[PDB]
Structure formats: C-alpha cells, structure tokens
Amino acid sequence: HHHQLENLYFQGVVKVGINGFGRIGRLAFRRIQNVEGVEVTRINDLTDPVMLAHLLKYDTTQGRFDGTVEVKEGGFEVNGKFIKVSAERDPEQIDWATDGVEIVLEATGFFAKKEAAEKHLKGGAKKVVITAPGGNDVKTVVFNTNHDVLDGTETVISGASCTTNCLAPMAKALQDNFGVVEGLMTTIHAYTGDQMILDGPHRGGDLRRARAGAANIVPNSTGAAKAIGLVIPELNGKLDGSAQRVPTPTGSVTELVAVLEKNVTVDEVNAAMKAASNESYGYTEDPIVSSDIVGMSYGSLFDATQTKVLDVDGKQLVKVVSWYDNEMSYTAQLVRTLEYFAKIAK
C-alpha cells in the first residue's frame, strides 16, 4: 500500500552526469556503457575535449575503449549517441537538468564537503556521489557492505576510497564471524598520480611522494583503516594502517593482521569469507598475481591461499589478504552505488 518504492519498479533511464573526467570519471563512463538503464548524458571538465576524447579512447592499463569516440562541436559522439561536454569551473553553473541529469558523480576533488557538492543541485541535479571521503554530514557507502544505511532522502553521499572498498567487506566478515579486538593494515599499492614520475618537488610537501614512483618502493600514509568506523561502526577506532606504493601502474593488495575475540583455524576463516562472497566481494583459491585482477569487477577479491593463523601456546594472530584493482574495482563499486542511490531515491 502506497508509501511504496517506485523507481525500482518503473524507472526507465537513470541519467548520470560526471563532473571531473580523470581516471575514475572516464572508467565510470566506460562501465556505465555496459549497465542497462543507466547512461551518461553530460560531462563537465575543464580539459580540452580533444585531449579528453583521446584519453577515453586509449588507456594504458584498462585497454582500448569498446566502441568509437569522435569529437563534435558541443561534446562527443560515443557509439553513435551524442554526449554534451561542458567546461564550467563553478558547479552552480552546470545546467544538469537541461540534459535530464538526476545524479552527479562528483570526481574533481574540489567539492568534497556537503555544501560544496550541493552546488550541483542548483543546476537541477537531485543527488550527488563523491569519489572521496566523506565529510561531517555525509554518509560513506561501500556497496554490499553498508548501502542499507541509505534511505534515499540524502542529497550528497560518499563512495568512500578505493582502499576502503577493498578492506571493508574483509574486516566486516571477521567482525561478524569471530569479533575483532584490533588490527593493522598494510596495502601493497600501485603507484598513482599523486606521485612524481621522477624525483622532484611535491606540491604537498610530501618527501616520499616527491620520489620517482615507478622506480621505488615508497611508504605512504593511509586513512581507510583509521576511518573504518564510518562504514563498520563496530570497528570504530580498532584499526590502523599504512601503504607501500610499488612499481605497477594499477593493481593492489590489502593485508590485515588482526587479533580476534576467539580462536579459529585457517579453514574456518576461509569458509567465513566464502560465505560472505557476492558480486562486490569475491573469493578465490587460485594462486593469482596482481595482473590477474586488473579490470575486474569485484570491489575486493579475498585470496584464501594467503590466510595465516599463527597460534603460540593458544594465543593467535590472524592474517587475511584481499586483492583489488584500485582503478576498476573502486569504479565498479561507485557505479553500483550510483545506480542504487538513484533507484531508492524513492
């Protein structure tokens, strides 16, 4: 009876707008091409469209675009369909509604806070998903970990980080099955665009991101584990971590060393992960390596071959390890949350 959900039953097309056509924005565009009932009808980015079209067609790590891309006067012709490309620097000036846009992926990195991201509503968009944390009045959502926190009335939400989308389902499964006292994370992580190609002054003052990223093992700080409480309240304040950036251009792996609230065996841990598996959190027993997860659609892929339970006179330390393509795994999660959020809008 009619306080009912509707968009799940009778929505034809979810029209998406992308503000910021960097790595994530372009990869989200690519994924949406394969999502029935969701399509991008507007891109906004200050870069010359000739440059943007070229980078959409050709991608070092993710391969050639599946289809044709041609620059036109007001935007691109992508697999026939024209798609407007604007270059407004003020989000309040983007007339999203003229292109039917209802939800915006905000991926520039300059409008993270609620009031900043809500500028897209002035142009007529209804909802916004941020490609980063994750402020004071904004929920953080890892799809298939805590998207049930959404009621559909929120205006701005965060898709969390890529590392959070890998860690969260793995840490939650430990908590649900065994209980976590505390734990430390180490991500062995592909280099990224916040590192220098060769040694040189880094804008932020980071003496390690100043170093050649493709020729070094580079320690760097993280926030996923310290901030996990935003996705899994029961783990608030229980985890910390850091990263080692290494010379691959994409593909990463997350290790968690944890003290649990009860004793376990390796098989029990692995069986718990298998039972928690879904389209966001995969399970494998194959001895794969990082190139095997590039382009994959899981947000997180648990690797049962790397599980360890160290038992010393009954005192136990546990290691669990999950793979992720820090590019496409995070993008696949963003797109799941984009669609879900739009469809439970009401």
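Residue numbers run from 1 along the displayed sequence.
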Quiz prompt | Between the two ranges 10 to 18 and 326 to 334, the one averaging a larger CA B factor in the entry | solution = 10 to 18
Quiz item: Given the B-factors recorded for C-alpha atoms, which segment has the greater mean, 169 to 177 or 87 to 95?
Solution: 87 to 95
Practice problem: Identify, among 286, 59, 313, 292, the residue whose C-alpha carries the highest B-factor in the deposited PDB entry. | Solution: 313
Exercise. Kindly indicate the residue among 126, 226, 245, 211 with the greatest C-alpha B-factor in the PDB record.
Key: 126
Quiz item: So where's residue 143 on the chain's Cα temperature factor ranking, which third?
Solution: middle
Self-check item: Relative C-alpha B-factor of residue 303, binned into the chain's lowest, middle or highest third
Solution: lowest
Quiz item: Comparing residue 151 with the other modelled residues of its chain, is its CA B-factor in the lowest, middle or highest third?
Solution: highest
Quiz item: Within this chain, which third does the Cα B-factor at residue 237 fall in: lowest, middle or highest?
Solution: middle
Self-check item: Third of the chain's Cα B-factor distribution that residue 217 belongs to, per the entry
Solution: lowest
